[PDB]
Amino acid sequence: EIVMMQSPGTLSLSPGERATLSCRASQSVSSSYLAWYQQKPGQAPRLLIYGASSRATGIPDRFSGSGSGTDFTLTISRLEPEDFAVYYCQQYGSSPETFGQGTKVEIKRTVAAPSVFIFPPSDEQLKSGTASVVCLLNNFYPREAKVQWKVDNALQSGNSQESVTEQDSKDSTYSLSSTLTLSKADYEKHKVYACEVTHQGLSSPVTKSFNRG
Amino acid sequence: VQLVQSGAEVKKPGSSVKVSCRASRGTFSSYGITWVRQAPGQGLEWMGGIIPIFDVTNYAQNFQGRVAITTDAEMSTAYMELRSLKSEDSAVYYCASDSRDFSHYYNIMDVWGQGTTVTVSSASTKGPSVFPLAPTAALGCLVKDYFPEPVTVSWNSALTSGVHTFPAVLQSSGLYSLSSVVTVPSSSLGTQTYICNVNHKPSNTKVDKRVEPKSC
């Protein structure tokens with residue numbers, strides 16, 4: 001089957017700038033069967049271009065497709081506020097039909113360092129059989145950030161999950177929460193809880209931590 | 001021309017689901033229908049489609065033997081039935097068709113249904129436990145172990161600036177958790193009250209949690 005490879009994964013531009021999105025096929029696609037779609041959060045995809053270069057009904061002429069063979073491009077000549085979204089290419093010249101993995105066009109701004117906050121399990125939650133430790137990274141850009149948990153300075157893995165907000169419509173930043181989950185018994189067996197954050201906005205990694213008790 | 005899909009479904013592992021996709025005008029008779037799904041946080045995945053000019057229905061290899069795509073007699077409602085459901089099949093399922101059915105010989109997929117959420121889980125309805133995240137300072141509420149989505153949070157209801165309510169995370173237990181946080185001036189603590197207001201409609205849960213300074 002044909003693998004569609006989109007790049008870059010994230011394109012970071014200011015409103016008004018030109019966006020060039022690439023879609024490469026692992027083997028030659030007939031042009032007649034290459035499409036591009038746009039998708040905004042919680043909405044369905046919508047077709048922009050089919051047949052590699054034909055614009056769908058009612059799509060603004062700032063969107064244009066080109067390419068052939070293995071190499072296709074979606075160009076947005078200037079980005080309007082509603083054009084910040086995720087874009088997918090798809091081949092349907094063969095079956096299975098396949099989609100690229102998507103490119104997210106996000107708003108570029110200046111680097112902002114996160115504010116880091118750590119919350120021990122609440123006293124109330126410690127009545128339960130589980131303890132959740134929560135680390136907040138507030139209002140940072142770019143999106144790339146690493147959160148590392150350590151328990152008595154043992155690096156943790158398999159036992160945390162994280163979540164990120166959409167880009168703020170006012171300041172264009174992201175916020176992130178990471179939660180470490182342990183059994184209350186495990187929580188009691190250890191003393192030092194640290195969350196270690198790395199972000200290009202920070203000279204060197206920032207650690208917030210506490211001691212249980 | 002819109003495609004109306006059937007509504008959201010919560011299903012147990014091993015069960016089956018049949019999503020409908022009704023055309024508000026015309027039929028699918030010349031260009032067929034294609035179904036696509038999208039797992040939470042992931043890309044689009046072709047499941048299959050009808051191609052009338054070849055008189056075939058094609059299915060993606062991962063689903064062969066457990067997926068059927070069909071239409072009603074008049075071909076103005078199409079269906080995707082997916083059997084032996086597992087939790088990885090949790091996704092939004094979309095149908096898409098061709099406005100010419102109201103060269104380019106195939107369905108160009110310019111008309112899209114609104115999507116149908118299918119959540120596959122052996123969990124039962126369960127309201128969340130709401131725990132305060134005690135404290136410019138930051139504080140919040142952890143809204144833990146609920147099923148199914150969604151919950152709503154606000155901070156009554158003055159405070160909106162600096163609030164971040166995160167997307168829920170699906171835990172390995174099969175229940176959801178999320179946090180809602182807000183940053184405020186340090187000076188305000190103990191000079192102003194802060195309460196998170198949580199609703200989980202599917203359980204019958206409303207919780208109002210005061211978030212107070214830890215004062216050792």
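Rules used in this analysis
Residues numbered from 1 in each chain as written, not as in the entry; some residues may be left out. Chains lettered and ligands numbered in written order. Heavy atoms only, no water. Helix = DSSP H or I, 4+ residues; strand = E, 2+ residues; numbered from the N terminus. Buried < 20%, exposed > 50% of the residue type's maximum accessible area, 1.4 Å probe, protein only. Areas by Shrake-Rupley, 256 points an atom, 1.4 Å probe, with all protein chains shown as cover. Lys, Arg positive; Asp, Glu negative; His and termini not counted. Charge placed at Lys NZ, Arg CZ, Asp CG, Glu CD. Patch = residues over 30% accessible without salt bridge, like charges linked within 9 Å, V, L, I, M, F, W, Y side chains within 5 Å. Salt bridge = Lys/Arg side-chain N within 4 Å of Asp/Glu carboxyl O. Pairing = 2+ DSSP bridges. Axes fitted to C-alpha atoms, helices over the stretch in contact; angles between N-to-C directions. Domains from an automatic or database assignment. Buried area = accessible area lost by both parts, 1.4 Å probe. Contact = heavy atoms within 4.5 Å. Polar contact = N/O pair within 3.5 Å; in protein donor to acceptor, adjacent residues only side chain to side chain. Core = buried A, V, L, I, M, F, W, Y, C linked by side-chain atoms within 4.5 Å.

- This entry lists X-ray crystallography as its structure determination method and reports a resolution of 1.95 Å.

1. Let's talk about the overall build of chain B
- The secondary structure content of chain B amounts to zero helices and 19 strands.
- Taking the principal axes of its C-alpha atoms as reference, chain B extends roughly 75 × 35 × 25 Å.
- Here chain B holds 216 residues, and the buried ones make up 50% of them.
- For chain B, the computed accessible surface area is about 10200 Å², with 47% contributed by carbon and sulfur atoms.
- If you average the places of the 17 positive and of the 15 negative side-chain charges in chain B, the two averages end up 9 Å apart.

2. Comments concerning a nonpolar patch on the surface
Residue and element names in this part refer to chain B.
- A grouping of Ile53, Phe54, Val56 and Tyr105 is seen on the molecular surface, where their side chains present a nonpolar patch of about 410 Å² in accessible area.
- Among the secondary structure elements, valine 56 is positioned in strand β6 (residues 56-59).
- Here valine 56 falls in the partly exposed class, since its relative accessible area comes to 32%.

3. Overview of the sheet that holds strand β3 (residues 17-23) of chain B
All names here are of chain B.
- Strand order in the open sheet formed by four strands is β1-β3-β8-β7, and the pairing between neighbours is antiparallel. Edge positions in the open sheet fall to β1 (3-5) and β7 (67-71), since each of these has one partner strand only. For this sheet, the mean inter-axis angle between neighbouring strands, taken without regard to orientation, is 15°.

4. Re the domain arrangement of chain A
Residue and element names in this part refer to chain A.
- Here the domain parsing of chain A yields domain 1 (1-109) and domain 2 (110-212).
- The straight-line distance from the C-alpha centre of domain 1 to that of domain 2 is 35 Å.
- In total, about 750 Å² of surface goes out of reach between domain 1 and domain 2, with carbon and sulfur atoms giving 39% of it.
- Area buried by domain 1 at its contact with domain 2 is led by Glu106, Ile107 and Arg109, which between them contribute 77% of it.
- Inspection of the region where domain 1 meets domain 2 yields zero salt bridges.
- Among the elements that line the side of domain 1 that touches domain 2, the one with the most residues is strand β11 (residues 103-107), at three residues.

5. Some thoughts on the domain arrangement of chain B
Residue and element names in this part refer to chain B.
- Taken domain by domain, chain B comprises domain 1 (1-122) and domain 2 (123-216).
- Between domain 1 and domain 2, the C-alpha centre-to-centre distance is 37 Å.
- On the domain 2 side, the residues contacting the five residues of domain 1 number five residues.
- Carbon and sulfur atoms make up 50% of the surface buried where domain 1 meets domain 2, a total of about 350 Å² over both sides.
- Where domain 1 meets domain 2, there are zero salt bridges.
- Taken together, the connections running from domain 1 to domain 2 amount to one residue pair in polar contact.

6. Re unusual backbone geometry
- Residue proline 150 of chain B is bonded to the preceding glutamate 149 of chain B through a cis peptide linkage, with omega at 5°.
- Its location among the elements puts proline 150 of chain B in the loop between β13 (137-146) and β14 (152-155).
- Across the junction of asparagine 156 of chain B and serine 157 of chain B, the peptide omega takes the value 0°, indicating a cis bond.
- If you check the backbone angles, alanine 52 of chain A has positive phi at about 70° while not being a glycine.
- Positive phi, close to 45°, is recorded for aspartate 152 of chain A, a residue that is not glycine.
- Mapped onto the secondary structure, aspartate 152 of chain A falls in the loop between β14 (146-151) and β15 (154-155).

7. Quick look at the interface of chain A and chain B
- Contact with chain A, which involves 38 residues of that partner, is made by 41 residues of chain B.
- Both sides together, the interface formed by chain A and chain B hides about 3300 Å², and carbon and sulfur atoms give 65% of it.
- Connecting chain A to chain B are one salt bridge.
- Close ionic contact of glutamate 124 of chain A with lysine 209 of chain B constitutes a salt bridge, the shortest N to O distance being 2.7 Å.
- The tally of links between chain A and chain B comes to nine residue pairs in polar contact.
- Ranked by residue count, the leading element in the side of chain A that touches chain B is strand β13 (residues 130-140) of chain A, at six residues.

8. As for the nonpolar core
- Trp36 and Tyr87 of chain A together with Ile33, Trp35 and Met80 of chain B are the most contacted members of the largest nonpolar core, which totals 66 residues.
- Here this core takes five residues from strand β9 (residues 91-97) of chain B, the largest share from any one element.
- Among all residues touching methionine 80 of chain B, those that are not within four sequence positions of it are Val17, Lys18, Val19, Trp35, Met47, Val67, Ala68, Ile69 and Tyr93 of chain B.

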